[PDB]
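A.B. asks: This block holds the first chain(s) of the complex, placed as they are in the complex; more will follow:
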Amino acid sequence: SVXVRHXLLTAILX
């Protein structure tokens, strides 16, 4: 998925 390829962007969004 997209989520799995973007650890850091996910962290910032969370």
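C.D. replies: Good, I have the coordinates. Residues are numbered from 1 along each chain as shown, chains lettered A, B, ... in the order given.
A.B. asks: element containing residue A:12?
C.D. replies: Using DSSP states H and E, residue A:12 sits in helix A:7-13.
A.B. asks: What distance do you get for the residue nearest the centre of chain A to residue A:1?
C.D. replies: Against the mean C-alpha coordinate of chain A, by C-alpha atoms, centre = their mean, the closest residue is residue A:10 at 2.6 Å. Note on residue A:10: its distance to residue A:1, by C-beta to C-beta, to the nearest Å, is 11 Å. For every residue, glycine as well, the C-beta is placed using N, CA and C.
A.B. asks: One more: residue A:9?
C.D. replies: Distance from residue A:9 to residue A:1, by C-beta to C-beta: 13 Å.
A.B. asks: These two: which is more packed in?
C.D. replies: Neighbour totals were compared for residue A:9 and residue A:1, and residue A:9 leads with 11 against 5 (other C-beta atoms under 10 Å).
A.B. asks: Might you report the residue contacts of the more buried one?
C.D. replies: Contact partners of residue A:9, counting by C-beta atoms under 8 Å, 6 or more residues apart in numbering, are absent.
A.B. asks: what's the answer for the one 4 residues further on, then?
C.D. replies: Shown here is residue A:13, which makes no contacts under the criterion C-beta under 8 Å, 6+ apart.
A.B. asks: build in chain B:
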Amino acid sequence: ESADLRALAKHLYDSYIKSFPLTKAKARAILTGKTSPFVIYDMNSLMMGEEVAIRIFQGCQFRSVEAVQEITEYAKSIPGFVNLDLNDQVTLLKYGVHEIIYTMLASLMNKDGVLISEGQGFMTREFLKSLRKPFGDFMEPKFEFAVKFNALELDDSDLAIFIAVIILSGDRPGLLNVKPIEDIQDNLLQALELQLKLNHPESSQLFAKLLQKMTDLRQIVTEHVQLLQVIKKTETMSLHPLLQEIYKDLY
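C.D. replies: Once chain B is put in with the chains from before, the structure reads:
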């Protein structure tokens, strides 16, 4: 409904002021001398002001890393955005953030140079053009964009809505749920149109001109990724991790 479109515009402006410490209003005051930045115009002054082309490239990267985090905070204040699927939030930011970075960079530019370090420095355009190939052409497309964009005389309240429209683009590759994005964007577009009619009543077809700038920004980012592929094959330095993630499979 018009009053609601104004409340949306105001919410976005207030959000923008919370997210972005160096606004266009503040940058223009520094640039026209109404508030002094340290001027970097050659190698000697770059030393005074704190391999040169690579140091400058790395400085631009660290600024982008900061900007991504500011932009992400701002995106999370756009009504509807945090309720999107997380995959779609990430795709919107991945494909949008450089377009916003270059939009906001224009706020810190004149025809002769760019503010750095939150307005504590000013780096001349000529100095950047003097860097060894291919780094001498890194910034020149961005200055070219900025001179044309700044001629539209947008303010921070206009930019807040323009940036939101760009982030909520339903044509990014790999979006899972386009319809909610397009519905948010359509309302943002109506809010942008009303903002420009009210704030720039004398500026005919400003809205259409801004829609075209959104296309132009995509070309800027495409050209930048082309320059990066040149740099990566001619040099042997790598990107900050957050930039690696954004650029990986970025068209």
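A.B. asks: please look at the contacts of residue A:9 again, because chain B has been put in.
C.D. replies: Going by C-beta atoms under 8 Å, 6 or more residues apart in numbering or on different chains, residue A:9 touches B:72, B:90, B:93-94, B:242, B:245-246.
A.B. asks: quick one, phi/psi of residue B:233?
C.D. replies: phi -100, psi -10 (degrees, to the nearest 10).
A.B. asks: Distance check, it against chain A.
C.D. replies: 23 Å (C-beta to the nearest C-beta, to the nearest Å).
A.B. asks: Spell out which parts of chain A neighbour chain B.
C.D. replies: Selection of chain A residues close to chain B by C-beta under 8 Å from any C-beta of the partner chain yields A:1-3, A:5-10, A:12-13.
A.B. asks: and the gap between the residue nearest to the centre of chain A and residue B:242?
C.D. replies: Distance from residue A:10 to residue B:242, by C-beta to C-beta: 12 Å.
A.B. asks: Same question for residue B:60.
C.D. replies: Counting by C-beta to C-beta - residue B:60 and residue B:242 are separated by 13 Å.
A.B. asks: now swap in residue B:167 and tell me
C.D. replies: Distance from residue B:167 to residue B:242, by C-beta to C-beta: 17 Å.
A.B. asks: circling back to that earlier point, now do the shared contacts for residue B:60 and residue B:242.
C.D. replies: By C-beta under 8 Å, 6+ apart, no residue touches both residue B:60 and residue B:242.
A.B. asks: okay, the two: which has more neighbours?
C.D. replies: Neighbour count, other C-beta atoms under 10 Å in any protein chain shown: between residue B:60 and residue B:242, residue B:242 has more, with 21 against 17.
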